[PDB]
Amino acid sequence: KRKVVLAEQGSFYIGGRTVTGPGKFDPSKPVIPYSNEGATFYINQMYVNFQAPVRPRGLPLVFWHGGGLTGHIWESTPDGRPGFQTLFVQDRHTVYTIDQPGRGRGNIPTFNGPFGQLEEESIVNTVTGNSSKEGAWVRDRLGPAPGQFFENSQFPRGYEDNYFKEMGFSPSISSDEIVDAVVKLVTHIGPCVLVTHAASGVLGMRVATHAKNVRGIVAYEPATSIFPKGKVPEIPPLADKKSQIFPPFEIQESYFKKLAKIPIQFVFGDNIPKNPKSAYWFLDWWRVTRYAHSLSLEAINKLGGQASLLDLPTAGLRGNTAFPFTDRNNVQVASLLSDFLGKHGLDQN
C-alpha cells in the first residue's frame, strides 16, 4: 500500500561553517569564471528532509544512511517498493531523512582549484577513495563473490544496477564535523530516535553521548564498534591472520555512560559465518565485527544499560543483506522496528 497523507513536508539545511578566500569582491569585475577572491564559502552543512503525518504518535525518527549512501535508501528499494520513510509515516511517526555532510545533497567542500583545496589550505583531500561494484557486492553480503547470490538471499535480484548506482565516494570531512551537524539537528528537533546503518552506526552512538534528546537507537549492521577509552577488549585478527577490523572508537567513560540511559538495538542480517572464513574476506570481517559489537553492547549493559543484539534469522527472517530495510522482506524488518519502538514507549505521546 503506497498511499501517504502528510500534514507537512519539506527540507532544509543545518550545521556547517564558513571559510574565506583572500582579497576582496568587486561587483564590477567579471564574476565568471568563479574566483576565490573575496570569497565566503559555506562548507560541511547537512541536508534534512522531513515528512509529518496527520496526528503523529510518539517520537520522530531520524534515518541516517550508511557509508557512501544518501536518504534515497529510506525512500524506496532498488526495485521501487516503499522504503522506511513511507512505512513509518504510515505508522504515524514524523520521519526525518538526512544526507550527511559530504554525501548527496550535503555539502562537498571544494572551491576554485584542485579538489578540496582553498588556496594553500587542504579542507578535504584531493585523493579520493570509493568502493567498486565488486567490493560493495561482498561488503553487503549479497553473496560470497561478485555476481553470486546466497541461495536464501532477500536481495531484489534483477535490480543490481539500480542498487549500485545509489553508492558513491565521501570526501575526508572529519567525523567530528559530521557528528556536530547531527547534534545540531537533534537540538532543533527535540526528543527523537536515531535509526542508523553501517558507517553511521558509530556516529549515531557518538551523537547520543552529546545529545540527551536521543531517546533510543536502532543500528542496522553497524561498521565500527565503540568502547570506553582504555577498555577495548581483546579482538582477534581475521582468518587471514593479517587483517583487522576497523579500530574501535574510544570515548571518555563519562560520555560512554550516557549510552546506558536509553534503549539500544543492533540489528544484523544473515550469512555472517560463525567460524573463520579465510576465502571470503568480507564475510570473515563481518564475523569479527559482529563479535566486537557484542562486547560493546555487553559493556553498556554492565553500566546499567539496555543494549541488545538482534540477529534477524533468530526472528524467523532468513537471507537478509547488509541493507535489511531495502531487502524483499523489508516490511517484516519494519515490523520488528515498530516492535522495538512500542516496547520502549517511543510510539506514544
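Just count from 1 along the sequence shown to find any residue number.
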Checklist entry - Hey, which bit's got the bigger mean C-alpha B factor in the entry, 229-237 or 134-142? => result 229-237
Next on the checklist: If you take the mean CA temperature factor per stretch, which one wins between 52-60 and 299-307?
Outcome noted: 52-60
Checklist entry - Between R103, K257, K184, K165, where does the Cα B-factor run highest in the record? => result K257
Checklist entry - Going by the deposited entry, which of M205, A199, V218, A279 has the highest CA temperature factor? => result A279
Checklist entry - Relative to the other modelled residues in the chain, which third contains the C-alpha temperature factor of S11: lowest, middle or highest? => result lowest
Item to check | For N125, the third of its chain into which the C-alpha B factor falls | outcome: highest
Item to check | B-factor third for the C-alpha atom of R157 within its chain | outcome: middle
Next on the checklist: Among the modelled residues of this chain, does the Cα B factor of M46 put it in the lowest, middle or highest third?
Outcome noted: lowest
Item to check | Third of chain Cα B-factors occupied by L69 | outcome: lowest
